[PDB]
Every structure is written in C-alpha cells, then in structure tokens.
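Heads up, the chain below is alone and in the form deposited in one PDB entry; it's given as structure tokens.
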C-alpha cells in the first residue's frame, strides 16, 4: 500500500493511494497524462537510457510532446517549453561519456538557483531530461 504526492495542473497538492507498488508507474502515467507531476525535476534533469529517447512516454513525468509549425518537436512540462538538443561525447582523462540527447530551455528570472545549470561555451539553462548510455528499459516506453 503506497501513497504518492502530486501537484495537479491547477497546482493543487493532492495525494493518491496506490494498491500495490507494481502499479506505481501506471499511476504516474495516469495522472501525468493530465499534466500532474510528482516531485521536482532532479538535478540536471531526469536521466534515462539513450535507447529510451525516441519512444519515451512523456506522460510519465507529466509532460507532453507537441510538434510546432515549421516542423519542431517540443516538450511541454508545467507550462514550459523544452527543446531537443544534442550533446557531444566527452573526451579527456579522466572522464569519457558517450553523446547525449538533452531536453532543455533557457533559465528565466523566476527560476530558482537550484534548478539552473551552467556549462562552458554557453549560458545557463534548465534541463528536463538527459538521454545518455545505459540500457533500454520497457517501463519508460509508450505502451
């Protein structure tokens, strides 16, 4: 018997009961499709396997995909638009990382300091999700 705390699309603080733990993600999906979110966006965005990027179920984190005119695939999340960006592989010693897909947006004046991120060569940003390495998990994909 689990409980999960949500923030509705109206910003209301709501708690749902979950009969069995195994149903947790399906419940996040169910309320996430309505724009409901649980928790804050993790430091540097949610981190997922690269192989989950192309068919990721954005409703899992209360987000949705929208394709703009002039052909551009955006992610909307709590009233913010996030853009799909490429991150190059990292190469040095001692850190080697494969390339990544980053969904992110400019930091606005109303963004608190703990959600901001800064890398050299560009201005600060706020990241929603980073798809890098790992191994595909079916639970992240649209059913």
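Numbering follows the first chain given and starts at 1. The term rigid core refers to the maximal set of C-alpha atoms that superpose within 1.5 Å between the two forms.
Between 16 to 24 and 119 to 127, the higher mean Cα B-factor belongs to 16 to 24. Higher mean CA temperature factor, per the PDB entry, when comparing 26 to 34 with 65 to 73: 65 to 73. Reading the B-factor column for the CA atoms of 43, 59, 52, 47 in the entry, the top value corresponds to 43.
For residue 93, the recorded CA B-factor ranks within the highest third of the chain. Only modelled residues enter the ranking.
In the deposited entry, the Cα temperature factor of residue 79 places it in the middle third of its chain's modelled residues. Looking at the C-alpha B-factors along this chain, the one for residue 102 belongs to the lowest third.
A second form of this protein, the form deposited in another entry, is not displayed here; the remarks below concern that form.
Relative to the superposed core, residue 117 shifts its CA atom by 2 Å or more between the shown form and the other one.
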